[PDB]
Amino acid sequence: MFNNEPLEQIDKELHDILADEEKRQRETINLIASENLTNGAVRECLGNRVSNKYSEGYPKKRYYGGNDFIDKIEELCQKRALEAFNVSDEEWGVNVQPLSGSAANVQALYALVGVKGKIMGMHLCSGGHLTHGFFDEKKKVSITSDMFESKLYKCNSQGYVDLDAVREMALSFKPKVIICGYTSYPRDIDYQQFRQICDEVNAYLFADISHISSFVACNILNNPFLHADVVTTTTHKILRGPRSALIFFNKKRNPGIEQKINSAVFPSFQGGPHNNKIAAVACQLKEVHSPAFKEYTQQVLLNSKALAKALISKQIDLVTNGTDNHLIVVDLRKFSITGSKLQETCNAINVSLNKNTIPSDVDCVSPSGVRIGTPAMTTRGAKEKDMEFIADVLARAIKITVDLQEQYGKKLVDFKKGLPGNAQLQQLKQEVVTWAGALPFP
């Protein structure tokens, strides 16, 4: 007693908007540092009938029966995960049930500290995530600043993590957890010095590696597993998996952590796991652990270094003057345009990026930079030589943005009126669509 007609037949209205979405993705220079493109195999898993099954609990400790195959999938995902991140199953465990990165962080923090517990993270304005304790004078914006007592550390004027201020804050604040690993940080992290500060104050070391997970797994960047008590990561960014998250916990350093983390995920926070997610994550984690994927990850960094260099060669300033990873933050102050203005211009030419704070920005209102990243375009086959073109397009967007600002003014409302129909933007869009349009597309 159901309708089995295809999506095109059953819901023509939705199938057209989805077909349009796919075409937009196909014809976009996607520089969102947190985005990627999943392969067909990952998307076969996400649409699999395995999502029909209620399987509350954990493998071999399920509430319901009929979970033999679901237990095999969840066991294969946890195993594949610990392997992918070069950790022994006797020393580290992994929870694979968190539905997204923010859920994973709230759950992991709750397990470590509980309600009213004290946490430290990087300020959002300096490159931290919302789930690292973000609040404002006007409000406790993230639940992580409200269910926990949080304190926020900043980067120095050059955009680097300032460990002297981290320590100064940690000694007087005395948090149970200190969070490192960031949303828009262009350099590698000195975990050892984080571990050194955590020991001193008897705080847990939390590493959120969502943005750099592939670099960690493939041993290109520093390894937080040598130092951290807890490692969280999303599976949908540079890792190129589905939208999901992983919580890692160090058993050897913290006996009893397994149960605290596991009970935090269920039944403290979540109900039934989404088994299609877990299948899809299992699938990508095999790819992640291959020499082929290490090559892709290496390519991400080569493109990023090359993109940084080309932008510098065109007299564009980068926060920290470069990058150790997949992402760059452009400092736009010398052109006197905001991040939001350039984001609007880039959207008009099918270039996807986001506005982003820089160190000099005291607030998150009027951020003076943008953030770009190479994983999505590296997935579509761009090599180092293609980064000149990406730099050229972004330079041209900055110039048009300055020109439009001159003509229509610095108020964002006025500025945008200059945008539609612009001859140069229509020209630049067409170049973007022509180049992007033809690149390999999963």
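In this text, rigid core is short for the largest set of C-alphas that superpose within 1.5 Å between two forms. Quick note: we count residues from 1 along the sequence shown, nothing fancier.
Asker: After a rigid core fit, does 80 to 88 or 359 to 367 show more C-alpha displacement in 8 other deposited structures of this protein?
Answerer: Evaluated in 8 other deposited structures of this protein, the stretch farther from the shown form is 359 to 367.
Asker: Going by the mean C-alpha B-factor recorded in the entry, which is higher: 268 to 276 or 154 to 162?
Answerer: The stretch with the larger average C-alpha B-factor is 154 to 162.
Asker: Averaging C-alpha B-factors over each stretch, which comes out higher, 30 to 38 or 385 to 393?
Answerer: Comparing 30 to 38 with 385 to 393, the higher average CA B-factor belongs to 385 to 393.
Asker: Just grab whichever of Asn52, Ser55, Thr378, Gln405 has the top CA B-factor as deposited.
Answerer: Reading the PDB entry, the winner on C-alpha B-factor is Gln405.
Asker: Among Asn254, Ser214, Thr235, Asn262, where is the Cα B factor highest in this entry?
Answerer: Across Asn254, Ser214, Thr235, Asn262, the entry lists the biggest C-alpha B-factor for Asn254.
Asker: Report the third (lowest, middle or highest) to which the CA temperature factor of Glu91 belongs, ranking only the modelled residues of the same chain.
Answerer: Its C-alpha B-factor, which the entry lists for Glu91, ranks in the highest third among residues of this chain.
Asker: When the deposited Cα B-factors of this chain's modelled residues are ordered and cut into thirds, is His326 in the lowest, the middle or the highest one?
Answerer: Within its chain, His326 is a lowest-third residue by C-alpha B-factor, going by the deposited values.
Asker: Taking the entry's C-alpha B-factors for this chain, is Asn67 in the lowest, middle or highest third?
Answerer: Highest third, going by the recorded CA B-factors of the chain.
Asker: Which third, lowest, middle or highest, does the CA B-factor of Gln107 fall in along this chain?
Answerer: Ranked within chain, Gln107 CA B lands in the lowest tercile.
Asker: Looking at the entry's B-factor column for C-alpha atoms only, identify whether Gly181 ranks in the lowest, middle or highest third of its chain.
Answerer: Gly181: CA B-factor falls in the lowest third of its chain.
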